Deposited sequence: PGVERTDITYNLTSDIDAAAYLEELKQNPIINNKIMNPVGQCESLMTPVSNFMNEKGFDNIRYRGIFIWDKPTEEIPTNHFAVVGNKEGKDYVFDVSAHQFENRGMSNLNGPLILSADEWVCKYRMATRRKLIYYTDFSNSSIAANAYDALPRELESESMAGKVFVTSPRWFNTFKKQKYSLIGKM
């Protein structure tokens, strides 16, 4: 399924982003993510996106999982519509989300669809923040109990059946 929107010229944005070796390094070897928020954000700001936010994401495989998987994307508005630059989405390509096979630059709706349709069993939710280090703190990679998590401010991309069973 497609990775780059034609709502904006994502193809050309991606070309430009790859000329930043901090970014390109990850686009080629997407493992290990936060450090992208800044250069991606800066890029977007130069291209005229505004209301730039940092999206912290958790991916939960099971209720009893000890540390959820985190992930980050940057969101920005261009002519009234939200877009998500998630240039390291494809670190999930070989982790059960093979539909995430390259960097994403998508409308907000397309991005949600991309993740939703990549998996049936994983619980995926996010929060958008004004500050990237607040995002990294709230969606950190430390042990966390799903039963003790506040769903306040969490936006669900999926809700697997186990998770509704789990909530009770």
Tell me, which runs of residues in the deposited sequence have no coordinates at all? 1 to 8, 41, 178 to 186
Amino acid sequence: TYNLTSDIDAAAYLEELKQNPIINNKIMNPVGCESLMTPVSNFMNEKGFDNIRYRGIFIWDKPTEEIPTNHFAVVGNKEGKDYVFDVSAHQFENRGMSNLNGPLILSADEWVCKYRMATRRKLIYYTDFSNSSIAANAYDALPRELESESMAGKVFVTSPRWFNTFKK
From here on, numbers count along this sequence of modelled residues.
Segment of higher mean CA temperature factor, 23 to 31 or 52 to 60: 23 to 31
Entry B factor averaged over C-alpha atoms, 132 to 140 against 61 to 69: higher for 61 to 69
Using the B-factors in the PDB entry, rank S107's C-alpha atom against the chain and give the third, lowest, middle or highest. lowest
Among all modelled residues of this chain, ranked by Cα B factor, put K47 in the bottom, middle or top third, i.e. lowest, middle or highest. middle
Name the third of the chain's ranked CA B-factors that contains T38, choosing lowest, middle or highest. lowest
Can you work out whether the C-alpha temperature factor of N99 puts it in the lowest, middle or highest third of the chain? highest
